[PDB]
Amino acid sequence: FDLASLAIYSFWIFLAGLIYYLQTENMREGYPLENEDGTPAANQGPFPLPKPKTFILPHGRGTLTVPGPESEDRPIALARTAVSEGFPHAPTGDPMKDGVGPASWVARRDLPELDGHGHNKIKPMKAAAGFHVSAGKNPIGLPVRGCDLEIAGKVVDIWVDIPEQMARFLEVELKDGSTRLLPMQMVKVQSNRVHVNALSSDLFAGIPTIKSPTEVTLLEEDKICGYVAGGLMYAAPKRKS
Amino acid sequence: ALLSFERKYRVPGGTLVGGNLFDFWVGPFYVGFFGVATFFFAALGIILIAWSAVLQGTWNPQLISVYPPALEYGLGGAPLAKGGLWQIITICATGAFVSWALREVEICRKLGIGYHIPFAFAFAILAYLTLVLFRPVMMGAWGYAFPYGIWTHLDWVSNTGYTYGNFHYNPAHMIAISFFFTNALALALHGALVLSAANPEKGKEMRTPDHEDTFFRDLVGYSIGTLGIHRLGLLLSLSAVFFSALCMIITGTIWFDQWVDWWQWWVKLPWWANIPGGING
Amino acid sequence: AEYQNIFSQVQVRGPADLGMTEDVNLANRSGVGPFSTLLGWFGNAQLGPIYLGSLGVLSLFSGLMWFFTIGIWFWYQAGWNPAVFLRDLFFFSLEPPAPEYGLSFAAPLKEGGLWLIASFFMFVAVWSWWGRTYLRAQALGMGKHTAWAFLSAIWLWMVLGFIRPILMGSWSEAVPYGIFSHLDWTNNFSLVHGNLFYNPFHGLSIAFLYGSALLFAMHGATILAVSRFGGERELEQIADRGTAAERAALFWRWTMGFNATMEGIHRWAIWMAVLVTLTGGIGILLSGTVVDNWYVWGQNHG
Ligand code: BCL
Ligand code: BCL
Ligand code: BCL
Ligand SMILES: CC[C@H]1c2cc3[nH]c4c(c3C)C(=O)[C@H](C(=O)OC)c4c3nc(cc4[nH]c(cc(n2)[C@@H]1C)c(C(C)=O)c4C)[C@@H](C)[C@@H]3CCC(=O)OC/C=C(\C)CCC[C@H](C)CCC[C@H](C)CCCC(C)C
Ligand SMILES: CC[C@H]1c2cc3[nH]c4c(c3C)C(=O)[C@H](C(=O)OC)c4c3nc(cc4[nH]c(cc(n2)[C@@H]1C)c(C(C)=O)c4C)[C@@H](C)[C@@H]3CCC(=O)OC/C=C(\C)CCC[C@H](C)CCC[C@H](C)CCCC(C)C
Ligand SMILES: CCCCCCCCCCCC[N+](C)(C)[O-]
Ligand SMILES: CCCCCCCCCCCC[N+](C)(C)[O-]
Ligand SMILES: CCCCCCCCCCCC[N+](C)(C)[O-]
Ligand SMILES: CCCCCCCCCCCC[N+](C)(C)[O-]
Ligand SMILES: CCCCCCCCCCCC[N+](C)(C)[O-]
Ligand SMILES: [Fe+3]
């Protein structure tokens, strides 16, 4: 009829095409859908998989094409608890060591994240020229306490993001002279101590170690962060008040 | 069916009520005790809206409207046909929203993540409760609440505003709008920035966060950084809703005259109140 | 309680970052500014450097001329008295020419002439700022997404101040420069066009403005919740999916039945926001050119 009705009807058609485009772009990871045993599910939904795109990664690190063949590339220590679809899967060993549930990690590349100039993004502050604590309480030297109110160690360095100028891990020394990394997002700095709610003192030695003392890889960060977040569920027995 | 990477996360535990009784999924959806509660409250709410429609005499969704009790009932119960249904549906709606938040908390526990999402959602719930519970109680009648209907609720917005003149002149409403407009600006910039680094000029390598900071310093002399922009969006969005609730809790209670007239406090300060000229002298 | 990651517990600082080079002309970057400890609790502490070439100088110069054009008019309405100036600040107004003059530039300074001068200066300030968002992206080899999204905001401003007045045949249909006066104009526009709640484009615009707040609350809260697995590092999570991105997707899949990717949530984001000013500009353009009364229109067209 009139030009305003032509406009509103055109707009609704545009919006339907836009939602279609947006949903298919959000299917570039994780699909096709699967059954509980890893085979392809029968009903994938009404939206098809998008045609593949390729990212060119910087610093000679190659390309990525998605969607592409999906696999976990690691063992999963879990078993069914019911004879039909839709129930939980129980750990078959120790879920902190096996890396399942809230303790899960992914098999990212075993190289460190690089910066704009091709140098390691995260370094210990001792090896990062001109870096220093500019505000707040400096943690280096403080004892570290677990959720059982017992001392697990002391802080010996901060690991910093150089490009973004941010504290990312604390490096902690244990009773036997070895060290581990703790994510800054899972600690609480106080006047006289660092406190860690997610872990009890006896679980600190099981934190995954890094293979070189002056860098961390993407695979290593995932294993470390997955393991400390997992203690919220699996350490709870020793947590207290 | 599951996403290719999902099975390792579907473990037992994290529930707040019921132990393992309701610890299961239907397709993609997690259930839990609070999944059962939201279904019960939602279904009962929908049935009562239907019953309201028979008594009105339409099934047209553009005309169905459920009205609160008229002012003469004050804060008591009303008959179903004349406001009682609105009172019961409001109880169901509140029960559904709170249940939906607590179900989100169980999901957080199973996945080992922070509680920031249900915390943010609780601000929306608050804004709803200000309009249908807190303001009406402080004013002395359920009748000051809004009706449930597609067009009739806009009518309420229009009549409520024009009761105090041009509502633009509410100062808390001015601040709330600034936050809404600023939040939409920031959301456009964040999405554009990340996409412009993941999708560079044809044939070039993906950019780095260093390119993202550089872009913004070249442009406005400052970059807030990748952690900072997510903190910022959370804050602008919640502040917008906080000042919206505040701008209505004061209207009809501490202030009930025309909002334009409030600004006379500024112009009547004795220093300049009598100097001639300008607009107000 | 758990740490929440809204403010940082410790700040760390190194040498000033001069930034990436790529094809940028370095002769046009300033020096670095000072560091702010205050800002550093919430984001980055470094101020500067800034780029400033021919197009930035132009934008700034005309931007200030627009400001001072408005400012001297306000002073003159205040009779040059600084007490009156602060007292009546929100009430002063620079108004467009009267209907009498139509689209001509022949009106006197005191009665529309200054409004035209101020609008000239605003027009060059904004369009040159737009050019600079395009060029700064190109010098670094990045996509043009920021310039395309800014264009959607420019559309609504262009319709309000230039395109709709041209099509109606007079400058008197445009918006005055004033704090309270531009609110009165907004209220009056709705009254005269039969209540803007019946404009379907106005309703859509509101859906996207509410939805932008919904979506940034969802997205911001989600990334803070997975920051304990390095979730804010969004670009590398695109290139090599980690447990941060998997847990973020499953929260939403388990809650509402579907989910995004780390790249894909940013496409939802840019579109939700851009559609606010896109639908809004259309709704205003049609008002008074094609439809005089939205109530009346709604009665005849479902
Ligand atoms: C003529 C009318 C007056 C006026 C009168 C009013 C009145 C009256 C009010 C506002 C309010 C607001 N106005 Mg005003 N306003 C006017 C002009 C404007 C203009 C403008 C450009 O001119 C703007 C930008 C605004 C902006 C705003 C916002 C600040 C605020 C609304 C957001 C809000 O509260 O969200 C809060 C969000 C919610 C309440 C949503 C809650 C969602 C709940 C929790 C869950 C829903 C679940 C749902 C049922 C799920 C279904 C699921 C499906 C099955 C899938 N007004 C004019 C001058 N304005 C309102 C306000 O501040 O309210 C507190 C208000 O009451
Ligand atoms: C916030 C201040 C005012 C108000 C002012 C306005 C104004 C002004 C406008 C709207 C508009 C809308 N309002 Mg209202 N609105 C209010 C309170 C609410 C509440 C509530 C329970 O608190 C609800 C559910 C709604 C719902 C709606 C939608 C019908 C419509 C688009 C909103 C949107 O996209 O948001 C953002 C959310 C999303 C994009 C997510 C999707 C949400 C979907 C679309 C909600 C559908 C609800 C469904 C129809 C009702 C439930 C049905 C069953 C019983 C479950 N409003 C308060 C009283 N609202 C616009 C309109 O077009 O009205 C006709 C409009 O112009
Ligand atoms: C009584 C008044 C009427 C009414 C009259 C109008 C009118 C008239 C309009 C709106 C418009 C809008 N209204 Mg309405 N509106 C009413 C009731 C409401 C209610 C409500 C709850 O009741 C709500 C939520 C809204 C919401 C909205 C928005 C969705 C929309 C504005 C989008 C935007 O981001 O603009 C803000 C963005 C811009 C203005 C773009 C700016 C771009 C430029 C380039 C920036 C230059 C910056 C400069 C150089 C720097 C200077 C610095 C400064 C000094 C700070 N209205 C009532 C019914 N509303 C607008 C619209 O789209 O309508 C369809 C519009 O024109
Ligand atoms: C605080 C900032 C903003 C915000 C945030 C926010 N909203 C959220 C969340 C967050 C963080 C969620 O996690 C949650 C979610 O799951 O999103 C997908 C949600 C959510 N925000 C929603 C909507 C919504 N949010 C809005 C606003 C906002 N949400 C703010 C602007 C608005 C409006 C009007 O602006 C709406 C419409 C839902 C999509 C979802 C919550 C879903 C939910 O509670 O489901 C349980 C209930 C039901 C399934 C149905 C109940 C049926 C009732 C019993 C009967 C209906 C009665 C109703 C009152 C009638 C209304 C009639 C109208 C015409 C007036
Ligand atoms: C998608 C729709 C939303 C949107 C998007 C959007 N806006 C944008 C962009 C985008 C994508 C940009 O890229 C662009 C930008 O650069 O953002 C950083 C912009 C922008 N949006 C802006 C504002 C803005 N956007 C708004 C709205 C919106 N923008 C929508 C909600 C609004 C309103 C009314 O709601 C406003 C007010 C600007 C910040 C910026 C565009 C800048 C511009 O055009 O500037 C012209 C230049 C001037 C006016 C120069 C004068 C300014 C100062 C007076 C200079 C100060 C220096 C002086 C020398 C002082 C010296 C002091 C010393 C002694 C210390
Ligand atoms: C306005 C946004 C709401 C519309 C979005 C619709 C998306 C439904 C997508 C179904 C997802 C497919 N699935 C579950 C099989 O993976
Ligand atoms: C939007 C925030 C505004 C920040 C503006 C800061 C600009 C910094 C300019 C660099 C300082 C130049 N200096 C002082 C070294 O000569
Ligand atoms: C022709 C209209 C163009 C849109 C301008 C809208 C008015 C801007 C309101 C701010 C007025 C200027 N000032 C000095 C108070 O900032
Ligand atoms: C990109 C996200 C899409 C979200 C879709 C939101 C739909 C809102 C429906 C509101 C109806 C508006 N109406 C009837 C006035 O035209
Ligand atoms: C207008 C808002 C309506 C939004 C409905 C979106 C819900 C999508 C859930 C679909 C996933 C469930 N299932 C069984 C198809 O997989
Ligand atoms: Fe993001």
# chains A, B, ... in the order shown; residues from 1 in each chain; ligands from 1
$ select_by_dssp --residues "segment 85-207 of chain A" --states "strand (DSSP E)" --output "ChimeraX atom specification"
/A:89-91,122-124,132-135,143-146,151-161,166-174,179-183,188-189,194-196
$ write_last_selection --atoms "C-alpha atoms" --output "PDB file, in the first residue's frame"
ATOM      1  CA  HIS A  89      29.085 -39.455  34.074  1.00  0.00           C
ATOM      2  CA  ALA A  90      31.132 -40.342  37.138  1.00  0.00           C
ATOM      3  CA  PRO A  91      34.935 -40.134  37.435  1.00  0.00           C
ATOM      4  CA  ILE A 122      54.217 -13.621  29.885  1.00  0.00           C
ATOM      5  CA  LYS A 123      57.593 -13.556  31.823  1.00  0.00           C
ATOM      6  CA  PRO A 124      58.735 -13.688  35.419  1.00  0.00           C
ATOM      7  CA  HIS A 132      58.133  -3.124  39.123  1.00  0.00           C
ATOM      8  CA  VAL A 133      55.172  -2.973  41.537  1.00  0.00           C
ATOM      9  CA  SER A 134      53.678   0.539  41.175  1.00  0.00           C
ATOM     10  CA  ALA A 135      50.667   0.280  43.590  1.00  0.00           C
ATOM     11  CA  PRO A 143      53.547 -16.866  53.082  1.00  0.00           C
ATOM     12  CA  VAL A 144      50.770 -18.683  51.227  1.00  0.00           C
ATOM     13  CA  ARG A 145      47.875 -20.260  53.131  1.00  0.00           C
ATOM     14  CA  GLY A 146      45.367 -22.915  52.006  1.00  0.00           C
ATOM     15  CA  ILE A 151      50.887 -22.676  55.211  1.00  0.00           C
ATOM     16  CA  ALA A 152      51.776 -24.270  51.852  1.00  0.00           C
ATOM     17  CA  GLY A 153      54.710 -22.017  50.868  1.00  0.00           C
ATOM     18  CA  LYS A 154      55.967 -18.499  50.012  1.00  0.00           C
ATOM     19  CA  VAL A 155      55.769 -16.168  47.000  1.00  0.00           C
ATOM     20  CA  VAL A 156      59.087 -15.728  45.081  1.00  0.00           C
ATOM     21  CA  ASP A 157      58.045 -13.778  41.940  1.00  0.00           C
ATOM     22  CA  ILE A 158      55.177 -12.278  39.887  1.00  0.00           C
ATOM     23  CA  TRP A 159      54.649 -13.376  36.292  1.00  0.00           C
ATOM     24  CA  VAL A 160      53.662 -10.365  34.188  1.00  0.00           C
ATOM     25  CA  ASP A 161      51.972  -9.744  30.828  1.00  0.00           C
ATOM     26  CA  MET A 166      49.284  -6.886  34.109  1.00  0.00           C
ATOM     27  CA  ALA A 167      50.046  -9.387  36.918  1.00  0.00           C
ATOM     28  CA  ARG A 168      48.953 -12.871  35.733  1.00  0.00           C
ATOM     29  CA  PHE A 169      50.493 -15.482  38.119  1.00  0.00           C
ATOM     30  CA  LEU A 170      52.233 -15.775  41.447  1.00  0.00           C
ATOM     31  CA  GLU A 171      55.205 -18.159  41.564  1.00  0.00           C
ATOM     32  CA  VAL A 172      55.186 -20.060  44.866  1.00  0.00           C
ATOM     33  CA  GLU A 173      58.002 -22.026  46.505  1.00  0.00           C
ATOM     34  CA  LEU A 174      57.038 -25.285  48.312  1.00  0.00           C
ATOM     35  CA  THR A 179      57.873 -23.978  42.577  1.00  0.00           C
ATOM     36  CA  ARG A 180      54.361 -23.751  41.070  1.00  0.00           C
ATOM     37  CA  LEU A 181      52.261 -21.069  39.425  1.00  0.00           C
ATOM     38  CA  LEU A 182      48.953 -19.790  40.812  1.00  0.00           C
ATOM     39  CA  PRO A 183      46.493 -17.652  38.767  1.00  0.00           C
ATOM     40  CA  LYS A 188      43.511 -12.960  47.882  1.00  0.00           C
ATOM     41  CA  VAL A 189      46.425 -10.662  48.882  1.00  0.00           C
ATOM     42  CA  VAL A 194      48.228 -14.635  50.571  1.00  0.00           C
ATOM     43  CA  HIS A 195      45.065 -16.724  50.981  1.00  0.00           C
ATOM     44  CA  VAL A 196      43.852 -19.528  48.665  1.00  0.00           C
TER      45      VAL A 196
END
$ residues_around --residues "residue 205 of chain B" --least-positions-apart "6" --cutoff "7 Å" --atoms "only C-alpha atoms" --output "list in words"
residues 56, 57 and 58 of chain A
$ write_last_selection --atoms "N, CA and C atoms" --output "PDB file, in the first residue's frame"
ATOM      1  N   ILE A  56      45.031 -16.802   9.047  1.00  0.00           N
ATOM      2  CA  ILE A  56      46.500 -16.865   8.931  1.00  0.00           C
ATOM      3  C   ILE A  56      47.117 -16.375  10.241  1.00  0.00           C
ATOM      4  N   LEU A  57      47.830 -17.237  10.949  1.00  0.00           N
ATOM      5  CA  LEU A  57      48.328 -16.860  12.274  1.00  0.00           C
ATOM      6  C   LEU A  57      49.665 -16.148  12.101  1.00  0.00           C
ATOM      7  N   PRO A  58      49.961 -15.164  12.955  1.00  0.00           N
ATOM      8  CA  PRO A  58      51.249 -14.438  12.890  1.00  0.00           C
ATOM      9  C   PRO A  58      52.482 -15.269  13.296  1.00  0.00           C
TER      10      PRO A  58
END
$ interface_residues --of "chain C" --to "chain A" --cutoff "9 Å" --atoms "only C-alpha atoms" --output "ChimeraX atom specification"
/C:1-5,8-15,17,20,37,40-41,44-45,200-201,227-230,236,239-244,246,259-265,267-268,279,282-283,286,290-291,301
$ atom_distance --atom1 "atom 19 (C, counted along the ligand's line) of ligand 3" --atom2 "atom CA of residue 90 of chain C"
22.2 Å
$ closest_residue --among "C:154, C:118, C:196, C:209" --to "chain B" --atoms "only C-alpha atoms"
C:209
$ residues_around --residues "residue 215 of chain B" --least-positions-apart "5" --cutoff "10 Å" --atoms "only C-alpha atoms" --output "PyMOL selection string"
(chain B and resi 193+209-210+220-223) or (chain C and resi 19-20+50-51+133+136-137+139-140+142)
$ closest_residue --among "C:276, C:221, C:16, C:147" --to "ligand 1" --atoms "only C-alpha atoms and all ligand atoms"
C:276
$ residues_near_ligand --ligand "ligand 8" --cutoff "7 Å" --atoms "only C-alpha atoms and all ligand atoms" --output "number ranges by chain"
C: 67, 70-71, 119, 157, 160-162, 174-179, 182
$ write_last_selection --atoms "N, CA, C and O atoms" --output "PDB file, in the first residue's frame"
ATOM      1  N   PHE C  67      31.679  24.821  19.354  1.00  0.00           N
ATOM      2  CA  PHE C  67      31.599  25.128  20.792  1.00  0.00           C
ATOM      3  C   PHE C  67      31.618  26.634  21.103  1.00  0.00           C
ATOM      4  O   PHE C  67      30.755  27.105  21.830  1.00  0.00           O
ATOM      5  N   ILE C  70      28.385  28.543  19.864  1.00  0.00           N
ATOM      6  CA  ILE C  70      27.322  28.364  20.857  1.00  0.00           C
ATOM      7  C   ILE C  70      27.601  29.204  22.124  1.00  0.00           C
ATOM      8  O   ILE C  70      26.704  29.885  22.633  1.00  0.00           O
ATOM      9  N   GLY C  71      28.843  29.160  22.609  1.00  0.00           N
ATOM     10  CA  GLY C  71      29.248  29.840  23.841  1.00  0.00           C
ATOM     11  C   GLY C  71      29.087  31.353  23.839  1.00  0.00           C
ATOM     12  O   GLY C  71      28.550  31.916  24.794  1.00  0.00           O
ATOM     13  N   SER C 119      26.129  24.807  12.677  1.00  0.00           N
ATOM     14  CA  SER C 119      25.884  23.528  11.986  1.00  0.00           C
ATOM     15  C   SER C 119      26.938  23.229  10.890  1.00  0.00           C
ATOM     16  O   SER C 119      27.395  22.081  10.756  1.00  0.00           O
ATOM     17  N   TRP C 157      21.915  11.269  13.369  1.00  0.00           N
ATOM     18  CA  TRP C 157      22.269  12.691  13.438  1.00  0.00           C
ATOM     19  C   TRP C 157      22.014  13.455  12.113  1.00  0.00           C
ATOM     20  O   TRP C 157      21.494  14.560  12.127  1.00  0.00           O
ATOM     21  N   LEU C 160      18.220  13.866  11.552  1.00  0.00           N
ATOM     22  CA  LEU C 160      17.635  14.883  12.462  1.00  0.00           C
ATOM     23  C   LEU C 160      17.949  16.321  12.088  1.00  0.00           C
ATOM     24  O   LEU C 160      17.087  17.183  12.176  1.00  0.00           O
ATOM     25  N   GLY C 161      19.186  16.582  11.683  1.00  0.00           N
ATOM     26  CA  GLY C 161      19.660  17.938  11.466  1.00  0.00           C
ATOM     27  C   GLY C 161      19.754  18.436  10.035  1.00  0.00           C
ATOM     28  O   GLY C 161      19.804  19.657   9.825  1.00  0.00           O
ATOM     29  N   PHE C 162      19.787  17.518   9.062  1.00  0.00           N
ATOM     30  CA  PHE C 162      20.027  17.888   7.675  1.00  0.00           C
ATOM     31  C   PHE C 162      19.019  17.313   6.662  1.00  0.00           C
ATOM     32  O   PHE C 162      18.296  18.058   6.020  1.00  0.00           O
ATOM     33  N   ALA C 174      14.576  21.568  12.196  1.00  0.00           N
ATOM     34  CA  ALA C 174      15.787  20.948  12.806  1.00  0.00           C
ATOM     35  C   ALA C 174      15.880  21.264  14.317  1.00  0.00           C
ATOM     36  O   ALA C 174      15.058  22.017  14.842  1.00  0.00           O
ATOM     37  N   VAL C 175      16.877  20.696  14.997  1.00  0.00           N
ATOM     38  CA  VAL C 175      16.950  20.713  16.462  1.00  0.00           C
ATOM     39  C   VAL C 175      17.758  21.921  16.932  1.00  0.00           C
ATOM     40  O   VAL C 175      18.803  22.183  16.381  1.00  0.00           O
ATOM     41  N   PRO C 176      17.288  22.646  17.953  1.00  0.00           N
ATOM     42  CA  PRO C 176      18.050  23.786  18.515  1.00  0.00           C
ATOM     43  C   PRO C 176      19.238  23.318  19.382  1.00  0.00           C
ATOM     44  O   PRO C 176      19.250  22.167  19.825  1.00  0.00           O
ATOM     45  N   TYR C 177      20.235  24.183  19.597  1.00  0.00           N
ATOM     46  CA  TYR C 177      21.392  23.845  20.448  1.00  0.00           C
ATOM     47  C   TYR C 177      21.086  24.422  21.846  1.00  0.00           C
ATOM     48  O   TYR C 177      21.043  25.635  22.039  1.00  0.00           O
ATOM     49  N   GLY C 178      20.804  23.545  22.796  1.00  0.00           N
ATOM     50  CA  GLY C 178      20.421  23.949  24.148  1.00  0.00           C
ATOM     51  C   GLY C 178      20.159  22.709  24.967  1.00  0.00           C
ATOM     52  O   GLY C 178      19.759  21.695  24.420  1.00  0.00           O
ATOM     53  N   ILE C 179      20.388  22.753  26.270  1.00  0.00           N
ATOM     54  CA  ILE C 179      20.191  21.548  27.089  1.00  0.00           C
ATOM     55  C   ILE C 179      18.706  21.236  27.344  1.00  0.00           C
ATOM     56  O   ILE C 179      18.245  20.146  26.987  1.00  0.00           O
ATOM     57  N   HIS C 182      16.367  21.233  23.731  1.00  0.00           N
ATOM     58  CA  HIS C 182      16.380  20.023  22.878  1.00  0.00           C
ATOM     59  C   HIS C 182      15.544  18.854  23.462  1.00  0.00           C
ATOM     60  O   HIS C 182      15.057  18.000  22.710  1.00  0.00           O
TER      61      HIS C 182
END
$ residues_near_ligand --ligand "ligand 7" --cutoff "10 Å" --atoms "only C-alpha atoms and all ligand atoms" --output "number ranges by chain"
B: 216-224; C: 29-34, 46-51
$ residues_around --residues "residue 24 of chain B" --least-positions-apart "4" --cutoff "10 Å" --atoms "only C-alpha atoms" --output "ChimeraX atom specification"
/A:85-88 /B:10-12,20,29-32
$ residues_near_ligand --ligand "ligand 2" --cutoff "6 Å" --atoms "only C-alpha atoms and all ligand atoms" --output "MDAnalysis selection string"
(chainID B and resid 46 128 150:151 154) or (chainID C and resid 203 206:207 210:211)
$ write_last_selection --atoms "N, CA, C and O atoms" --output "short mmCIF file (atom, residue, chain, number, x, y, z; two decimals), in the first residue's frame"
data_model
loop_
_atom_site.label_atom_id
_atom_site.label_comp_id
_atom_site.auth_asym_id
_atom_site.auth_seq_id
_atom_site.Cartn_x
_atom_site.Cartn_y
_atom_site.Cartn_z
N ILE B 46 0.78 -18.99 32.99
CA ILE B 46 0.19 -19.01 31.64
C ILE B 46 -1.32 -19.44 31.64
O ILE B 46 -2.16 -18.83 30.96
N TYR B 128 12.02 -4.75 38.02
CA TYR B 128 10.64 -5.28 38.00
C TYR B 128 9.96 -5.10 39.36
O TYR B 128 8.84 -4.55 39.45
N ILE B 150 0.37 -5.96 25.77
CA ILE B 150 1.42 -5.50 24.83
C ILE B 150 1.32 -3.99 24.66
O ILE B 150 2.31 -3.29 24.80
N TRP B 151 0.11 -3.50 24.40
CA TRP B 151 -0.13 -2.05 24.18
C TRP B 151 -0.54 -1.32 25.45
O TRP B 151 -0.14 -0.16 25.65
N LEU B 154 2.36 0.26 27.50
CA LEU B 154 2.84 1.54 26.95
C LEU B 154 1.94 2.72 27.33
O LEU B 154 2.40 3.82 27.59
N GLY C 203 9.54 1.46 18.21
CA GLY C 203 9.46 0.25 19.07
C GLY C 203 10.65 -0.69 18.88
O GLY C 203 11.18 -1.27 19.84
N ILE C 206 13.86 0.78 20.44
CA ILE C 206 13.84 0.53 21.88
C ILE C 206 14.21 -0.94 22.23
O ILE C 206 14.93 -1.19 23.22
N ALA C 207 13.73 -1.89 21.42
CA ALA C 207 14.08 -3.32 21.62
C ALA C 207 15.62 -3.51 21.55
O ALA C 207 16.18 -4.21 22.39
N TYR C 210 17.37 -1.61 24.78
CA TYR C 210 17.25 -2.54 25.92
C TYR C 210 18.16 -3.79 25.71
O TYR C 210 18.89 -4.20 26.63
N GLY C 211 18.11 -4.38 24.52
CA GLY C 211 18.89 -5.57 24.23
C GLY C 211 20.41 -5.38 24.27
O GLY C 211 21.14 -6.34 24.52
#
$ closest_residue --among "A:233, A:127, A:98, A:206" --to "chain B" --atoms "only C-alpha atoms"
A:233
$ interface_residues --of "chain B" --to "chain A" --cutoff "7 Å" --atoms "only C-alpha atoms" --output "PyMOL selection string"
chain B and resi 1-5+8-12+24-26+110-112+205-206+208+210
$ write_last_selection --atoms "N, CA and C atoms" --output "JSON list (two decimals), in the first residue's frame"
[["chain", "number", "residue", "atom", "x", "y", "z"],
["B", 1, "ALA", "N", 21.58, -34.17, 22.27],
["B", 1, "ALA", "CA", 22.89, -34.46, 21.66],
["B", 1, "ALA", "C", 23.86, -33.51, 22.35],
["B", 2, "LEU", "N", 25.17, -33.77, 22.23],
["B", 2, "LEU", "CA", 26.15, -32.95, 22.88],
["B", 2, "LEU", "C", 27.08, -32.27, 21.86],
["B", 3, "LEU", "N", 27.62, -31.11, 22.26],
["B", 3, "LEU", "CA", 28.76, -30.51, 21.56],
["B", 3, "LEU", "C", 29.96, -31.48, 21.58],
["B", 4, "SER", "N", 30.84, -31.39, 20.59],
["B", 4, "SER", "CA", 31.97, -32.34, 20.48],
["B", 4, "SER", "C", 32.87, -32.39, 21.75],
["B", 5, "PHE", "N", 32.92, -31.31, 22.51],
["B", 5, "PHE", "CA", 33.80, -31.21, 23.68],
["B", 5, "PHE", "C", 33.10, -31.29, 25.05],
["B", 8, "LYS", "N", 33.10, -34.41, 29.03],
["B", 8, "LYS", "CA", 34.00, -34.28, 30.18],
["B", 8, "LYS", "C", 33.51, -33.33, 31.29],
["B", 9, "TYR", "N", 32.62, -32.40, 30.96],
["B", 9, "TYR", "CA", 32.04, -31.46, 31.92],
["B", 9, "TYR", "C", 30.74, -31.96, 32.59],
["B", 10, "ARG", "N", 30.08, -32.98, 32.02],
["B", 10, "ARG", "CA", 28.80, -33.47, 32.57],
["B", 10, "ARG", "C", 28.97, -34.45, 33.74],
["B", 11, "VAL", "N", 29.55, -33.97, 34.84],
["B", 11, "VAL", "CA", 29.80, -34.78, 36.03],
["B", 11, "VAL", "C", 28.72, -34.52, 37.08],
["B", 12, "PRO", "N", 28.60, -35.40, 38.07],
["B", 12, "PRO", "CA", 27.63, -35.16, 39.20],
["B", 12, "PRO", "C", 28.11, -34.04, 40.13],
["B", 24, "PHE", "N", 20.28, -33.83, 36.34],
["B", 24, "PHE", "CA", 20.22, -34.39, 34.99],
["B", 24, "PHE", "C", 19.82, -33.34, 33.95],
["B", 25, "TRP", "N", 19.96, -33.71, 32.67],
["B", 25, "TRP", "CA", 19.65, -32.86, 31.50],
["B", 25, "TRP", "C", 18.48, -33.45, 30.66],
["B", 26, "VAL", "N", 17.72, -32.57, 29.99],
["B", 26, "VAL", "CA", 16.77, -32.90, 28.91],
["B", 26, "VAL", "C", 17.25, -32.19, 27.60],
["B", 110, "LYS", "N", 28.69, -26.43, 39.12],
["B", 110, "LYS", "CA", 29.09, -27.59, 38.36],
["B", 110, "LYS", "C", 30.27, -27.26, 37.41],
["B", 111, "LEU", "N", 30.27, -26.05, 36.83],
["B", 111, "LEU", "CA", 31.33, -25.67, 35.88],
["B", 111, "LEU", "C", 32.59, -25.01, 36.50],
["B", 112, "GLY", "N", 32.59, -24.77, 37.81],
["B", 112, "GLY", "CA", 33.71, -24.12, 38.47],
["B", 112, "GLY", "C", 34.02, -22.69, 38.06],
["B", 205, "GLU", "N", 48.03, -11.45, 8.06],
["B", 205, "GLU", "CA", 47.92, -12.19, 9.32],
["B", 205, "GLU", "C", 46.97, -11.55, 10.33],
["B", 206, "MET", "N", 46.36, -12.39, 11.18],
["B", 206, "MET", "CA", 45.58, -11.93, 12.35],
["B", 206, "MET", "C", 46.42, -10.94, 13.15],
["B", 208, "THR", "N", 47.10, -8.64, 16.80],
["B", 208, "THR", "CA", 47.33, -8.98, 18.20],
["B", 208, "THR", "C", 46.63, -7.95, 19.07],
["B", 210, "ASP", "N", 48.02, -6.07, 21.04],
["B", 210, "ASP", "CA", 48.90, -4.89, 20.91],
["B", 210, "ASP", "C", 48.40, -3.93, 19.79]]
$ residues_around --residues "residue 288 of chain C" --least-positions-apart "5" --cutoff "9 Å" --atoms "only C-alpha atoms" --output "VMD selection string"
chain C and resid 164 168 193 293
